[PDB]
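Remarks on the structure that follows.
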Amino acid sequence: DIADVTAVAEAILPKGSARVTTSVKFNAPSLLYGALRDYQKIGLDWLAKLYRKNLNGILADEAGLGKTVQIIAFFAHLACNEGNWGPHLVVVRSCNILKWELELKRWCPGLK
Amino acid sequence: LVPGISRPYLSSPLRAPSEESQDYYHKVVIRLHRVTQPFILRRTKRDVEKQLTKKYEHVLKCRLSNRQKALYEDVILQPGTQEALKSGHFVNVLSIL
Amino acid sequence: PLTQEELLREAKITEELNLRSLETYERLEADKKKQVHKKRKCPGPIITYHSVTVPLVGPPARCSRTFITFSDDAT
């Protein structure tokens, strides 16, 4: 039943008024070039937990919070910690394709 | 969010809400929102402001020069400007501005 | 069928390749510095007057010394 999946998703939701006080000492993946902000690490951990539970999610962070960087970090985590080097598909606006490519090369140049 | 739902995507269970079905429609919408909310992670710039880059806006008050003052007063005191301001015609006011 | 070490080596190679590719946009610094701050000039005879601070021998004690350099033996 959908209620069970919703309960699991609610159990995966980061706790806290701002969802920024997470005890999970999530270390940035070694393949990611650069330093992630604390909220970006929290988003990355949430994405990793969603992947481990085979669940989907919606990232509704306000514009400019680095959602693309969060996705790049998620790919780096999948490659380093989950062994998921497989073909990933990203669908973006044509005006953002070059931006996404440049961000991927800047943050994780090791990915084809 | 949930691939493989027992109910097909194109077979919408709720048609246009009739007066008698508006309550049922509203309750189903509320329950659907509650079901979808745990899959949505939303954070605002205010919550992370303590970690955001800091934008500083500064207003610098500049004195009107003597030549600027003279021209400003001449334009304000021109009879045509007074007539345009008394008439209140929008385009004339915007031209003066 | 590949292992993690092979994937990491391929990732390093592709990282270098992407960095060179990315440098098509990001190599704003090195190329401009080497193109502007050239250490040579157009061909032909040149006479270089040069004067540098040199330390005195038996801030520190210093003196000024002049060198004159000629491009070719003919001049």
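If you're wondering about the labels, chains in the structure tokens are A, B, ... by order shown, residues count from 1 in each chain, ligands from 1 in order shown.
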I need the helix (DSSP H, G or I) residues of region 11-99 of chain A per DSSP on the backbone, written as a ChimeraX atom specification. /A:11-12,38-52,67-80,94-99
May I have the residues from that selection written out with C-alpha atoms, as a compact mmCIF listing (two decimals), in the first residue's frame?
# COMPACT_ATOMS: atom_id res chain seq x y z
CA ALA A 11 11.09 8.09 8.22
CA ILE A 12 13.80 9.14 5.75
CA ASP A 38 26.67 21.57 5.26
CA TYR A 39 23.15 21.72 3.83
CA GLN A 40 24.53 20.31 0.59
CA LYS A 41 26.01 17.39 2.53
CA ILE A 42 22.62 16.89 4.20
CA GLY A 43 20.89 16.84 0.82
CA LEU A 44 23.48 14.37 -0.46
CA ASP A 45 22.92 12.08 2.53
CA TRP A 46 19.15 12.27 2.00
CA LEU A 47 19.59 11.34 -1.67
CA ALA A 48 21.85 8.43 -0.70
CA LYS A 49 19.28 7.15 1.80
CA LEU A 50 16.57 7.41 -0.86
CA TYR A 51 18.70 5.39 -3.28
CA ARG A 52 19.40 2.73 -0.65
CA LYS A 67 20.82 21.53 -6.58
CA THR A 68 22.95 20.63 -9.61
CA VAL A 69 26.01 20.37 -7.36
CA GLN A 70 23.95 18.13 -5.07
CA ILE A 71 23.13 15.84 -8.00
CA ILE A 72 26.78 15.74 -9.08
CA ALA A 73 27.75 14.81 -5.52
CA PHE A 74 25.06 12.12 -5.60
CA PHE A 75 26.58 10.65 -8.76
CA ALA A 76 30.03 10.72 -7.15
CA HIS A 77 28.63 8.94 -4.08
CA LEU A 78 26.97 6.32 -6.29
CA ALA A 79 30.27 5.66 -8.04
CA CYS A 80 32.44 5.57 -4.91
CA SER A 94 18.65 23.11 -23.71
CA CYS A 95 19.81 26.40 -22.18
CA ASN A 96 21.14 24.45 -19.18
CA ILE A 97 22.88 21.55 -20.97
CA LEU A 98 26.18 23.41 -21.25
CA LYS A 99 25.83 24.56 -17.64
Within 8 Å of chain A, which residues of chain B come that close, and what is the closest atom pair and distance in Å for each? Count only C-alpha atoms and give it as a Markdown table.
| residue | atom | partner | partner_atom | distance |
| --- | --- | --- | --- | --- |
| B:1 | CA | A:56 | CA | 5.5 |
| B:2 | CA | A:56 | CA | 7.6 |
| B:35 | CA | A:6 | CA | 5.9 |
| B:36 | CA | A:6 | CA | 7.7 |
| B:38 | CA | A:10 | CA | 5.1 |
| B:39 | CA | A:57 | CA | 4.6 |
| B:40 | CA | A:58 | CA | 4.4 |
| B:41 | CA | A:59 | CA | 5.0 |
| B:42 | CA | A:60 | CA | 4.4 |
| B:43 | CA | A:61 | CA | 5.0 |
| B:44 | CA | A:62 | CA | 5.5 |
| B:45 | CA | A:62 | CA | 6.7 |
| B:47 | CA | A:18 | CA | 5.9 |
| B:48 | CA | A:39 | CA | 7.5 |
| B:51 | CA | A:37 | CA | 7.8 |
Could you please select, counting only C-alpha atoms, the residues of chain A within 7 Å of chain C and state them as a list in words?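 My answer is residues 105, 109, 110, 111 and 112 of chain A.
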Go ahead and dump the residues you just picked, C-alpha atoms, as a short mmCIF file (atom, residue, chain, number, x, y, z; two decimals), in the first residue's frame.
data_model
loop_
_atom_site.label_atom_id
_atom_site.label_comp_id
_atom_site.auth_asym_id
_atom_site.auth_seq_id
_atom_site.Cartn_x
_atom_site.Cartn_y
_atom_site.Cartn_z
CA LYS A 105 33.40 18.58 -15.31
CA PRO A 109 35.78 15.39 -13.97
CA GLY A 110 36.32 11.63 -13.53
CA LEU A 111 32.84 10.79 -14.87
CA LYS A 112 32.31 10.17 -18.58
#
Which of chain C DSSP labels strand (DSSP E), written as a PyMOL selection string: chain C and resi 47-55+62-70
I'd like the interatomic distance between CA of residue 63 (chain B) and CA of residue 78 (chain B), to a tenth of an Å. 22.6 Å
note - CA of residue 2 (chain C) and CA of residue 86 (chain A) are separated by 11.9 Å
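If you count only C-alpha atoms and ignore residues fewer than 5 places along the chain from residue 94 (chain B), what sits within 12 Å of it is residues 81, 84, 85, 88 and 89 of chain B.
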May I ask for the distance between CA of residue 49 (chain B) and CA of residue 35 (chain A), given in Å to one decimal place?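 About the pair CA of residue 49 (chain B) and CA of residue 35 (chain A): they are 17.9 Å apart.
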